[PDB]
Each structure stands twice: as C-alpha cells, then as structure tokens.
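A.B. asks: Below are the structure tokens for one structure; questions will follow.
With ideal geometry, Cβ positions are generated from the backbone for all residues, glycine too; neighbour counts draw on all protein chains shown. Each answer follows from the model by the rule given with it, or from the source it names; no laboratory read-out is quoted.
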Amino acid sequence: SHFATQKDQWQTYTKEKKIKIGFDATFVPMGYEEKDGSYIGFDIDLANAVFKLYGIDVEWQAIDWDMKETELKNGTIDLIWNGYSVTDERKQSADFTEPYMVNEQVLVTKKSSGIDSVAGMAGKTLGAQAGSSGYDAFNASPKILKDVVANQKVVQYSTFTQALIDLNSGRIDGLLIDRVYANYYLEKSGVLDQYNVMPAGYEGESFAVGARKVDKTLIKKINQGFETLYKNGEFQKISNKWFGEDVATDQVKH
Amino acid sequence: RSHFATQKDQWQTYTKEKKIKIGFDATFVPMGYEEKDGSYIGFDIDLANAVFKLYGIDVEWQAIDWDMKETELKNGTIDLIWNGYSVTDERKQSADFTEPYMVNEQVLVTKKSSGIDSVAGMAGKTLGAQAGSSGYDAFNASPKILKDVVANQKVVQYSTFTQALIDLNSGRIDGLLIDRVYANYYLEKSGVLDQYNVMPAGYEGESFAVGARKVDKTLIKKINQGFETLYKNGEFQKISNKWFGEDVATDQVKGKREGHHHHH
C-alpha cells in the first residue's frame with residue numbers, strides 16, 4: 001500500500017515478524033559496527049530483547065545519522081534507536097517512548113583520592129573532553145563545578161582514554177564525562193570499582209526511542225516491553241553487561 | 001553573486017563557480033604565510049588545496065588582518081578561516097567548525113645524544129624556552145610539569161628559536177620547550193628531526209580546525225570528508241611529512257569517531 005507509513009502498522013510488524021531500526025554505526029557503546037562487521041551495543045541488545053517478546057526480529061539498518069528523521073518519515077526505517085533523545089525539534093517528526101536510560105554528566109575520581117563528592121572538588125583540578133556536553137555544562141552552570149575547582153577552569157582532553165591517563169597518574173583530580181562513556185570504558189577494563197563515578201549535577205539527556213507519530217501502538221508496546229524485561233531481570237542483565245550498573249529509569253522500573 | 005549569499009549554504013555555488021576564498025594570517029609560519037618571493041605557502045595551504053582539489057574547486061587565498069577574521073567571514077569577504085584556527089566559545093558565536101585535523105602543544109626537545117628520552121628525565125637539567133611564548137607561560141602556570149624538576153626551577157629565555165637550538169646543539173642547555181608546530185617544522189626543514197627526541201610536554205594543547213559561516217553546513221561536512229579521503233589515499237600523510245616530518249593526523253582525520261559523540 002502507498003500509505004502504509006501513514007497508518008498504525010503494529011499488526012504489520014507482528015504479522016511480518018520484523019521491524020526496521022536505524023542507527024549510527026559508529027556510536028559506541030549504544031549501537032555500532034565491530035571490526036568483524038557485527039552490530040553490537042546496549043541498544044542492540046535492549047531492542048532485540050524487547051521485540052523478541054513479540055516474536056519480532058529486528059532488521060538493523062546503519063544509516064546516515066543526519067537523515068534519521070527523513071528515513072523514519074519515508075518508511076526507510078520504523079524506529080530511531082541509538083542513544084536517541086527527545087528534542088522539541090525532533091518531536092516535529094516523531095513520537096517517543098518513555099526514556100529508558102539517563103546519560104548524565106558524571107564526575108570520576110580515584111577511590112584513593114578521597115574525593116567522594118562533587119563539593120569535594122573544591123580547589124582541585126578538573127579535566128574534561130574537548131567540545132563535549134560536559135565542557136558546555138561546566139560553563140553553563142558555573143555554581144556546580146566552575147566556582148569550585150582550581151583556576152575556575154577545566155583541562156580539555158581529546159579522548160576519555162587520554163583523560164584517564166592523567167586521572168590515574170594524578171595530573172588531574174577529577175574527570176567530568178558522559179555516564180555512557182565512564183561506565184562503559186571503566187567496566188570494560190574491569191576497574192570501575194577503583195573509581196568514584198558520581199552524577200555531577202547537570203541535567204542529563206535521557207535516551208528514548210523515536211517512531212512515526214502514527215505508530216501509537218508500537219510506542220506503547222516498546223514501553224511495556226521495557227517493564228516486562230525489567231521484571232524478568234533481562235534489562236538488568238543487559239545493563240550490567242554494558243555499564244556494570246543498572247541504568248534503568250524510574251519509568252522502566254593564534 | 002547573491003546579496004544574501006552569506007545567508008545560505010553555498011556548497012552549490014562553490015562547486016559551480018569552482019572557487020572558494022580562504023582567509024589567513026600572512027605571518028603565521030608554518031601554517032600559511034607569505035614568503036620572501038611573495039608566494040603563499042604552508043601546511044594549511046597545502047592541506048586546504050588538497051581537500052578542494054578533490055572537488056575540483058580552486059582556492060583563492062586571501063591574506064587578511066587576522067583580528068578581522070570573524071568579521072571577514074560573516075561579511076562574506078572570505079568563506080573560511082583556515083590558518084591554525086581553533087574552537088573557542090567566542091568563535092563559536094561567529095562560526096561552525098570542522099573536526100580538528102591536528103593538535104598543537106608544547107613539546108620538550110632534546111638531542112637524542114643527551115639520553116634524555118622523557119620529560120621526567122629533565123630532573124636537574126637546564127631548560128630553555130622562547131621569550132614571550134605560550135610555553136614560557138605554561139612552564140610557570142603548571143610548575144609540577146617541569147618547573148619543579150628542572151635545574152634552578154627556571155627557564156633560560158631565548159629571543160629566537162635559532163639561538164635556542166644553537167645552545168641545545170652545543171650542550172649549553174639540555175632541553176627546549178616550544179610549540180610542536182615550530183619544533184617539527186624547523187627540525188624537519190633542517191633535515192635533522194631524527195637526531196632529536198620531540199616529546200609532548202604535558203601542558204594542555206589546542207586543536208586546529210577550520211571555521212566557516214554557520215549556514216555552510218555542507219561545506220563543513222565536505223571538508224571533514226576531504227580530510228578522511230586524503231588520509232585514506234595517503235596524501236594527508238605526504239603533506240604532514242613534508243612540513244613536520246611526522247604524521248599529525250588526529251583520530252578524527254583517521255576516521256576513528258569512537259568516543260567523540262556528544263548528546264547527539
């Protein structure tokens with residue numbers, strides 16, 4: 001039908017036992033292409049789990065991320081799921097599910113540093129990622145850390161790995177970074193327990209799933225899928241595998 | 001040309017007219033500068049020329065009053081600011097940036113014959129720096145890096161890099177702190193880069209990127225893709241080696257986007 005995209009197609013996804021989901025193949029650790037060519041990530045596991053409950057297989061489609069809204073509206077994909085989030089501009093092209101994970105800015109310090117509180121950064125040196133949302137939040141809400149840390153400024157680094165090198169050596173006392181990165185990397189390296197990873201105090205972006213506004217049943221069925229997985233313990237397993245913690249939102253629970 | 005050209009995405013025009021104008025500071029060696037003979041040369045000039053050659057776009061190089069760069073860009077007098085330019089919140093109010101193509105930072109330079117192959121190895125050794133340089137200020141601002149360990153906890157200041165090197169070569173000083181762009185450029189130009197240890201000092205650096213009008217979203221993407229294309233076909237590496245004697249490509253230029261996503 002020429003107008004499938006203008007209708008609630010839940011009965012279609014369920015009958016065809018398949019649904020198409022677009023993602024940015026480079027977005028570690030939400031959904032990305034590994035060196036061997038496989039598609040893995042938190043959202044990959046999460047979405048596969050949700051749809052498995054309905055006997056639906058996910059057809060993962062690596063897309064031009066800038067074209068995500070267009071592809072969703074054209075029927076190229078049926079969902080945008082890859083660390084996606086609500087934006088009033090995005091709400092122009094899609095309806096969203098309840099948020100499933102909060103990606104807030106976290107302050108990371110060595111357990112041995114004794115800095116187990118954001119306020120404990122008073123007079124201490126802070127590091128952050130160049131051009132990251134953490135850098136911007138640092139300035140936007142100065143009362144949180146700027147007016148506390150040494151020199152009222154942050155040392156900028158290229159990557160979390162370079163930043164972590166200086167955190168470990170002691171060149172910097174703390175590191176402000178995306179929760180998604182802090183937990184994924186520290187857990188993958190098996191040293192998460194050697195660090196205090198604390199919510200910094202800035203409003204974090206909530207990850208949610210995007211669908212065509214007409215697919216109302218689809219959205220609610222994903223929402224329910226989250227609950228189902230959180231009650232049978234699946235959500236926690238997936239979450240632990242990727243972040244070493246339960247990231248479920250209250251809703252899921254010159 | 002449209003009165004509102006500056007108001008929109010001109011990728012169509014650049015490709016059509018097969019031209020784009022880039023502003024630079026004619027004194028900024030080695031990124032882009034005017035030589036004695038009057039020619040304009042530099043790492044950025046070679047890099048930008050190479051990127052636009054991919055698209056069949058000729059580059060019109062415009063030496064500008066550097067202080068007027070953002071104005072020139074917004075005025076439409078130039079289409080890009082490419083001459084060791086970088087991101088700052090202030091500059092972001094006037095332009096959009098490509099991904100960074102190289103990192104500049106203070107490097108500690110020592111002769112390989114000195115045996116000093118680490119910054120820590122400078123303990124008790126004499127350090128030189130150029131007078132009125134970013135390294136001088138960095139040396140003092142972060143004493144724990146080198147100031148505390150070097151002899152006398154001070155640095156011998158030099159007016160020119162040439163004098164500094166003369167003394168490094170004679171043993172007068174054991175190490176020299178200077179911008180990576182200058183260290184690699186001069187040493188490679190002299191064909192002696194392999195006789196020195198050029199090590200990142202530990203002081204916060206800066207990342208060079210290209211600035212364009214915020215409306216030129218496509219142009220920015222085409223440049224980012226250009227960097228990647230040149231690295232894939234080897235041209236970036238050739239240009240980098242010509243000017244610095246090493247590969248200065250950032251992970252972004254190399255196509256490694258892991259860890260660079262910001263609440264997208």
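A.B. asks: Pairs needed: first member in the range A:31-48, away from every other protein chain (no Cβ under 14 Å); second member anywhere, assigned to a helix (DSSP H, G or I); C-beta distance under 8 Å; at least 6 residues apart or different chains.
C.D. replies: A:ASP45/A:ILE238; A:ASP45/A:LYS241; A:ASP45/A:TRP242; A:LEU46/A:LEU229; A:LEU46/A:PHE235; A:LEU46/A:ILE238
A.B. asks: While we're here: With the condition kept exactly as written, say whether any residue in the range B:234-241 is in the same structural domain as B:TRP82 (by CATH), in a helix (DSSP H, G or I), out of contact with any strand residue (DSSP E or B) (no Cβ under 9 Å at 6 or more places or on another chain) and basic (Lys, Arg).
C.D. replies: There is at least one residue in the range B:234-241 that is in the same structural domain as B:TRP82 (by CATH), in a helix (DSSP H, G or I), out of contact with any strand residue (DSSP E or B) (no Cβ under 9 Å at 6 or more places or on another chain) and basic (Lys, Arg).
A.B. asks: Here's a follow-up. Of everything in the range A:111-120, what is outside any helix (DSSP H, G or I) and surrounded by fewer than 18 Cβ atoms within 10 Å (Cβ to Cβ)? Give them in sequence order.
C.D. replies: Selection gives A:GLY114, A:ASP116, A:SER117.
A.B. asks: Now a separate question. May I ask you to verify whether A:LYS253 is of a type in the set (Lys, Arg) and in a loop (DSSP other than H, G, I, E, B)?
C.D. replies: Here the answer is yes, as A:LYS253 does meet what is asked.
A.B. asks: Return the residue satisfying two criteria in turn: it lies in the range B:149-196 and is over 25 Å from the mean Cα position of the chain (by Cα) and of a type in the set (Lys, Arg), and of such residues it is nearest to B:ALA131 (Cα to Cα).
C.D. replies: Once the filter is applied, the top-ranked residue is B:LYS154.
A.B. asks: When residues of the range A:21-47 are filtered for being aromatic (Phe, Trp, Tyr) and touching a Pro at 6+ places or on another chain (Cβ under 8 Å), how many remain?
C.D. replies: 1
A.B. asks: Let me ask you something else. Taking the range A:66-106 only, how many residues are buried (at least 18 other Cβ atoms within 10 Å of the Cβ) and more than 19 Å from the chain's Cα centre (by Cα)?
C.D. replies: Matching residues across the range A:66-106 total 4.
A.B. asks: Here is a check on your reading of the model: is A:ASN223 loosely packed, with under 15 Cβ neighbours inside 10 Å, in a helix (DSSP H, G or I) and in the same structural domain as A:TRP10 (by CATH)?
C.D. replies: So A:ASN223 fails the test.
A.B. asks: Condition first: more than 9 Å from chain A (Cβ to nearest Cβ) and surrounded by 15 or more Cβ atoms within 10 Å (Cβ to Cβ). Now tell me which residues in the range B:253-264 satisfy that.
C.D. replies: B:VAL253
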